[PDB]
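If you read the protein sequences in the order shown, they are chains A, B, C and D.
Under full-length UniProt numbering, the first residue of the first sequence is numbered 192, with each subsequent residue one higher.
Residues 75 to 128, 132 to 415, 432 to 560, 590 to 692, 699 to 715, 721 to 727, numbered by full-length UniProt numbering, are exactly what the second sequence covers, in order.
Under full-length UniProt numbering, the first residue of the third sequence is numbered 590, with each subsequent residue one higher.
Residues 667 to 692, 699 to 715, 721 to 727, numbered by full-length UniProt numbering, are exactly what the fourth sequence covers, in order.
Ideal Cβ placement from N, Cα and C applies to all residues, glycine included.
Only one structure is covered here, and it is reproduced in the block below.
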Amino acid sequence: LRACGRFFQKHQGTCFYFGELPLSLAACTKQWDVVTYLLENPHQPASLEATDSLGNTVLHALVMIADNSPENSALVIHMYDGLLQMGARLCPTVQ
Amino acid sequence: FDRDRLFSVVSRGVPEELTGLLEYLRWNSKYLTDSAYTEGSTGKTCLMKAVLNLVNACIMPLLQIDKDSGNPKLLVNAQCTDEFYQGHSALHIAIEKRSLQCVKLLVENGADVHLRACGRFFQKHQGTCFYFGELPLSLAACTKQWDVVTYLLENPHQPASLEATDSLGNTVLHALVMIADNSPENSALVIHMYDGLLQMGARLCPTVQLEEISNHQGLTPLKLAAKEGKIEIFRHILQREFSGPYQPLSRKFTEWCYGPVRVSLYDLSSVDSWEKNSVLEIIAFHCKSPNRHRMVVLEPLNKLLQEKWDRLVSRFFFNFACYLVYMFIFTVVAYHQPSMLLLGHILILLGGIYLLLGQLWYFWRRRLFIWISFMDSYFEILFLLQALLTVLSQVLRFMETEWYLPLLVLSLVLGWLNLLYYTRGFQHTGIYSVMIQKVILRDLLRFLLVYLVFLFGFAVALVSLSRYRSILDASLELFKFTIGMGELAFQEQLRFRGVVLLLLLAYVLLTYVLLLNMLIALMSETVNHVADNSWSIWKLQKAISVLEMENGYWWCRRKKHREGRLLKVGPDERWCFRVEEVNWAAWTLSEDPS
Amino acid sequence: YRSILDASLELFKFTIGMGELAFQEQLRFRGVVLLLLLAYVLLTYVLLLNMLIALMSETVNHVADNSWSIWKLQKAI
Amino acid sequence: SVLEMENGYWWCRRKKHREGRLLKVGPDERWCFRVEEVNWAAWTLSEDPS
Ligand SMILES: C=C(C)[C@@H]1CCC(C)=C[C@H]1c1c(O)cc(CCCCC)cc1O
Ligand SMILES: C=C(C)[C@@H]1CCC(C)=C[C@H]1c1c(O)cc(CCCCC)cc1O
Ligand code: NA
């Protein structure tokens with residue numbers, strides 16, 4: 192399900208652009224346990240290649256939320272490699 | 075004997091020597107509290123001496142023997158009569174000595190916990206003094222004795238009153254503000270006591286709002302902190318949050334949280350400029366502390382001022398445009414001073446009266462601001478000076494004095510100086526204008542006095558020795603060396619040709635010493651300059667500008683809307705200002726974000 | 590002193606150190622024009638030196654790597 | 667500057683008073705200079726402050 196509201200869009204005012212998918216929300220909020228369960232759910236697994244309203248994937252959302260802060264940079268970097276590592280096991284063919 | 079006998083005994087603390095002559099108090103018909111036994115130098119009594127020497134095992138027997146005699150005035154409530162040390166009691170000594178046990182004995186024996194020490198030592202003096210307030214309750218809080226104050230407030234007999242005021246109307250919270258000195262140790266001491274008293278205030282006096290109590294000068298503890306310059310305690314009070322039991326005691330709340338995005342609700346009970354005599358008005362004008370600019374950059378104050386500034390940018394630039402149009406007429410009228434010219438002079442006369450009335454009203458509203466901080470209101474006098482001269486110049490023209498032309502052009506050049514006042518509205522040159530007077534003018538004034546001493550000192554010697591012809595001309599020629607147009611040469615017709623050149627050569631060398639050292643003198647100011655200090659001054663300058671123009675023009679006192687939104691916290701309604709922040713290291722009033 | 594172009598041109602010559610200030614004897618207001626001219630000369634020293642100080646802080650509070658990185662970007666473009 | 671001018675002018679060698687107050691420490701009398709300071713991190722010859 193996609194949250195295409197004005198609050199979830201990249202606004203200059205009040206907003207929070209975590210992407211558009213529940214999978215992106217878990218990655219942007221630093222919940223490794225949720226995303227692992229969502230991807231490896233035996234029923235209705237989340238798709239890594241699912242795109243947002245702007246075409247952004249899970250990896251794209253990690254780039255947008257980056258703010259070069261020392262805490263944020265560790266959050267984005269740690270999630271980026273983890274999703275890539277999990278991507279090989281889940282979708283080896285998809286780059 | 076008697077006075078000398080008792081003081082020596084109580085100093086050692088032996089109660090055995092105290093036994094005997096106790097019945098002599100009734101036999102001699104003399105009271106212990108009377109002037110015979112207390113020292114006439116300062117009114118100090120034996121009980122005060124006993125409390126001073128420590132717990133003195135003689136405290137209880139001394140109070141025991143007093144009640145045996147018939148004393149109309151209780152000894153434990155005796156007050157020192159010395160003017161310098163007036164109002165001090167044995168209870169104050171026990172609190173000062175950090176003796177919790179001693180305080181208990183006096184309190185359990187009927188000590189008054191509301192005695193006021195109104196001596197010169199306890200007043201806010203520039204010399205020797207210690208202003209802890211005026212009450213025993215305030216002394217414990219200011220001396221960082223949490224055990225004493227808890228016992229005093231929760232004493233089963235004669236509990237201390239939190240709302241008791243000092244001689245200046247200061248309460249316990251007010252005394253904490255005054256003793257603050259922004260020191261890292263002092264700030265922790267004041268902050269820790271301030272929240273503790275507030276937390277204990279809810280349990281003891283739930284109905285009484287201690288924060289809203291004002292002293293004899295009508296200042297709440299939050300307002301008093303802003304005026305006195307105590308930024309450290311002021312920052313803590315401005316944004317304050319607590320747990321569930323003390324949630325209403327807080328001032329900063331969270332409306333909703335969604336991931337890293339958070340919104341904060343700072344209270345504006347006495348901070349918003351809508352209410353008369355607010356924190357913003359006190360900080361900008363009434364406050365005179367050197368660290369005045371460090372307050373307007375606080376977390377809730379910076380956002381509130383920026384929000385107010387944006388809503389009045391057009392009005393600020395409208396005034397600048399109107400003033401610019403005023404000088405478009407003024408410059409042309411001055412250029413063609415000797432049909433529409435009569436219309437031009439009419440508009441100039443009205444313009445001069447217009448600014449004169451507005452500036453007079455500005456000075457009528459506030460006068461201490463100019464005296465307290467001349468640097469902040471430097472342009473206030475200049476606008477008044479230009480307006481007064483322009484109005485006066487038009488009067489002389491109508492009076493047929495023929496004396497107006499020098500004055501009319503003076504307002505032209507002086508007014509164009511006032512155009513630089515509006516440069517504070519631009520972030521680029523507004524910060525740049527800070528060093529125009531704050532950094533440069535604070536030291537370059539001294540050089541001018543030095544230069545004229547050298548200029549006139551050499552000018553008299555040059556003209557006298559050469560008799590180059592007049593004092594005005596000799597000084598004028600010496601001044602031309604500064605602009606690089608000086609004419610030095612070996613005169614052949616001079617009576618002393620070599621000597622006048624030597625003095626002239628000496629003068630030229632001194633200016634290079636003077637000018638380069640002046641360049642070096644102000645060099646250190648730029649090198650040893652804090653970047654945030656210059657930025658903070660500009661923020662204060664905008665804060666003063668918006669506050670003055672928020673009241674509207676002099677003829678039209680336009681009503682001001684109240685910033686913030688009224689909403690219920692939990699049923700109490702408090703106006704709050706939304707501040708939205710994003711925190712990624714974090715790993721609610723309402724549920725749905727808005 | 591006679592035309593707006595000439596008066597501004599003479600005032601500009603003070604910046605290059607070629608300004609001609611003197612006590613005129615034929616002027617109707619001899620002392621007043623000198624006072625305004627003297628005031629103008631003082632302001633340029635305030636203006637120019639403060640401008641030297643204003644850009645002084647940029648050099649003092651300057652990062653060495655920042656200037657070098659700009660040149661690398663310039664070559665990259 | 668103050669030391670040179672404390673001796674007075676050349677013609678009039680004015681007498682100089684002794685700074686400080688004579689008082690007993692404990699019986700030894702030593703001139704002392706009062707310095708008053710406020711310390712909030714601390715948490721006596723005479724009893725009564727003056
Ligand atoms: C070094 C400086 C700052 C200037 C720079 C220009 C030149 C040629 C002269 C130098 C100079 C001296 O080197 C020494 C003095 C002191 C002598 C004055 C009284 C005899 C003045 C003096 O302008
Ligand atoms: C110290 C500076 C920066 C310059 C250096 C050269 C000399 C002789 C003048 C000094 C000076 C003042 O010391 C003060 C002012 C302000 C007065 C202007 C309006 C009356 C200007 C002004 O150039
Ligand atoms: Na030059």
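With a threshold of 8 Å between beta carbons, B:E708 makes contact with chain A. Residues of chain B with a Cβ closer than 9 Å to the Cβ of C:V635 are, in chain order, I529, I533, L534 and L537. Inter-residue distance for A:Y228 and A:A217 is about 10 Å (C-alpha atoms, whole angstroms). Those residues of the region 189-212 of chain B placed with their C-beta closer than 9 Å to a C-beta in chain D are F198, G204, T205 and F207, ordered along the chain. For the region 639-653 of chain B, the set of positions with a beta-carbon nearer than 9 Å to some beta-carbon of chain C reads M640, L641, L644, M645, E647, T648, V649, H651 and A653 in chain order. Every residue whose Cβ sits closer than 6 Å to any heavy atom of ligand 3 is listed here in chain order: B:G606 and C:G606. When the beta-carbon positions are compared, B:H370 and B:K661 come within less than 8 Å of each other. Annotation for D:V710 indicates a beta carbon at 7 Å or more from all heavy atoms of ligand 2. Take the alpha-carbon of B:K174 and the one of B:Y515: they are about 58 Å apart. For B:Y525, at least one C-beta of chain C is nearer than 8 Å to its own C-beta. For the region 102-117 of chain B, the beta-carbon criterion of a distance under 8 Å to any beta-carbon of chain D is satisfied by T116. Looking at B:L183, B:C219 and B:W223, the one whose alpha-carbon comes closest to that of B:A167 is B:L183.
Annotation: Cβ neighbours of B:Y335 in chain A (cutoff 8 Å, chain order): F207. Assigned with DSSP and collapsed to three states, B:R535 falls in helix.
In this structure, B:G437 keeps its C-beta atom at 8 Å or more from the C-beta atom of B:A480. The alpha-carbon of B:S559 is positioned some 9 Å away from that of B:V621. Not a single heavy atom of ligand 1 lies less than 7 Å from the C-beta of B:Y544. Interface criterion not met: the Cβ of C:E614 is under 8 Å from no Cβ in chain B. For C:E609, the secondary structure class from DSSP, reduced to helix, strand or coil, is coil. Selection D:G674, D:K682 and D:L689 evaluated against D:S723 yields D:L689 as nearest (Cα-Cα).
Of all alpha-carbon atoms in B:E685, B:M640, B:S597 and B:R197, the one lying nearest the alpha-carbon of C:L610 is that of B:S597. By the rule that beta-carbons nearer than 8 Å mark a contact, B:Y162 touches chain D. Chain-ordered, the chain B residues with CB closer than 7 Å to the CB of D:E724 read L126. Short of 6 Å from the beta carbon of D:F705, and not among the five residues preceding or following it, lie these beta carbons of its own chain, in chain order: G686.
Residue pairing for A:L239: DSSP places it in no beta bridge.
Taking the Cα positions, B:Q141 is about 23 Å away from B:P236. Taking the Cα of A:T220 as reference, the smallest distance to any Cα among A:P283, A:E262 and A:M277 is reached at A:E262.
Here B:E90 is not bridged, per DSSP, to any residue.
The continuous beta strand (DSSP E) containing B:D344 extends over residues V338 to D344. Within chain B, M607 have C-beta atoms less than 8 Å from the C-beta of C:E609, given in sequence order. C-alpha of B:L512 to C-alpha of B:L342: approximately 39 Å in a straight line.
Inclusion of B:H251 and B:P213 in the CB contact set at 8 Å is not warranted, their separation being larger than that value. At a cut-off of 7 Å, the beta-carbon of B:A643 does not count as near ligand 1: no heavy atom of the ligand is closer than that.
Counting the other Cβ atoms within 10 Å of the Cβ of B:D159 gives 16 or more, which makes it buried.
The contact set of B:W712 on chain A, defined by CB atoms closer than 7 Å, consists of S260, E262, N263 and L266 in chain order. In the three-state reduction of the DSSP assignment, D:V710 falls in the coil class, being assigned neither a helical nor a strand state.
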